[PDB]
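To keep things clear, I will list the structure first and then write my remarks on it.
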Amino acid sequence: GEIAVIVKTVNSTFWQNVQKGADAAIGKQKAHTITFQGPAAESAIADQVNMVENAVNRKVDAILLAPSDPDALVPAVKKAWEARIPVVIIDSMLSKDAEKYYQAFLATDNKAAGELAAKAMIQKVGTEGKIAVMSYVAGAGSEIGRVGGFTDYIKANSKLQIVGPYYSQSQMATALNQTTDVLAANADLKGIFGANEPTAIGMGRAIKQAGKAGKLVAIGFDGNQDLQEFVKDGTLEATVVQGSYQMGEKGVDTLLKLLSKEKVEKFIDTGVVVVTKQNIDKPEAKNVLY
Ligand SMILES: C[C@H]1O[C@@H](O)[C@H](O)[C@@H](O)[C@H]1O
Ligand SMILES: [Ca+2]
Ligand SMILES: [Ca+2]
Ligand SMILES: [Cl-]
Ligand SMILES: [Cl-]
Ligand SMILES: [Cl-]
């Protein structure tokens, strides 16, 4: 009675909060259990494909998948569908090609979330000057909309010059180095966007280490303890926080509905909160912080 939860990496406070939500949902019923697995890094795409294939081959009851690539994971998800195994996608989209093969998609509206981050950037930076974009895995499902939404909004609503994008591969240490390097290369940098949890943490640490905290406008994504501290201490002006717990909890609950041959909502927006010093202790923020 296995429900296989497969995420981009287990080495992550973000994915551990998704696990928390999944654990909560599963613990309210007896018939199914979950496994929680992911490769060693978000860039390990082939390893994730192997995990999904293996789940199909051992005939799990259902799969909750945060695909590390929107295209590379399609063949394995098609195999799940051919095996009559319900699949729900969380966090990061699959290609349009795959639409027939899974039954729900729960995620941030990433284009909208990138736009909120860009608007926050402009309101603090203005509309002239240079900003840097620190991204994670190029073309990963959540990344396309998030960074594209950000970038397109900056272009349409300012004459800010974008430096980058740079790609951290979701490695904190890589983001730290890339940020250190962008700062050293661009003395006139007015702002900097870190598009996911590890990238934003490395970014914040780089800014602090460079002696530049508060001397340019930094905006992040996600809401773990490090990022909360960076908002509170003024290193980051804002961080855009997702419904990570909800993706796990409602992800599992959606699969449980499908396993009972019930109707589900195919596209579920798990919401966002832009967290700043002005709202960090409000209930709406506390509900998504972790
Ligand atoms: C580490 C984690 O960061 C979240 O921001 C992304 O939504 C998710 O796809 C993953 O990259
Ligand atoms: Ca313009
Ligand atoms: Ca360097
Ligand atoms: Cl790979
Ligand atoms: Cl999206
Ligand atoms: Cl993806």
Side-chain angles (χ1 to χ4, degrees), residues 6-11 14 18 37-54 65-77 88-99 102 104-119 121-123 125-131 133 135-163 167-171 174 190-191 193 195-197 221-222 240-244 246-247 250-251 265-273:
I6 298 170
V7 296
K8 302 184 190 180
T9 183
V10 287
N11 305 323
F14 177 92
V18 174
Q37 329 120 79
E42 300 203 344
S43 52
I45 313 306
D47 282 346
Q48 199 194 52
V49 167
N50 176 270
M51 287 184 178
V52 175
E53 288 174 350
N54 289 344
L65 176 62
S68 298
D69 188 82
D71 297 293
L73 276 290
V74 176
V77 172
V88 168
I89 305 295
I90 54 163
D91 175 75
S92 281
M93 52 164 292
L94 283 183
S95 173
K96 297 277 296 190
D97 292 338
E99 55 183 355
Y102 62 96
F105 177 49
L106 295 73
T108 301
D109 178 345
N110 283 290
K111 174 183 169 205
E115 287 177 6
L116 251 10
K119 189 180 184 175
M121 182 71 77
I122 287 166
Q123 293 304 126
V125 162
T127 50
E128 297 166 36
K130 293 164 92 190
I131 64 171
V133 172
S135 187
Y136 42 114
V137 176
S142 58
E143 195 269 344
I144 299 170
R146 189 176 300 173
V147 172
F150 182 89
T151 301
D152 291 351
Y153 189 97
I154 293 292
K155 179 161 191 171
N157 297 285
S158 77
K159 41 171 65 70
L160 296 166
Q161 173 178 338
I162 291 168
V163 182
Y167 298 102
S168 68
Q169 310 302 328
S170 292
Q171 294 295 337
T174 299
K190 292 179 127 58
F193 174 52
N196 80 342
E197 180 188 69
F221 261 73
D222 298 312
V240 182
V241 186
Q242 310 181 78
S244 59
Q246 191 186 351
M247 291 179 209
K250 191 151 179 160
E265 189 175 352
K266 190 168 209 313
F267 296 108
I268 302 163
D269 176 353
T270 43
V272 285
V273 181

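Counting starts at 1 for both ligands and their atoms, in listed order. Sequential numbering from 1 along the given sequence is applied to the chain's residues.
Within the 4.5 Å cutoff, side-chain heavy atoms of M247 are placed close to those of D91. Within the 4.5 Å cutoff, side-chain heavy atoms of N196 are placed close to those of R146. The shortest side-chain heavy-atom distance between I122 and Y153 falls under the 4.5 Å cut-off. Residues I131 and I162 form a side-chain contact, since some pair of their non-hydrogen atoms from C-beta on lies under 4.5 Å apart.
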Q: Kindly indicate, with the supporting measurements, whether the criterion side chain to side chain donor-acceptor pair (under 3.5 Å) is fulfilled by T108 and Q242.
A: CA-CA 6 Å; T108 301; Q242 310 181 78; 2.6 Å; yes
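Neighbours of the Ca ion (ligand 2) restricted to protein N, O or S atoms under 3.0 Å: the count is 2.
Relative ring orientation between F150 and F193 is described as parallel, the plane-to-plane angle staying below 30° on a 0-90° scale split at 30° and 60°.
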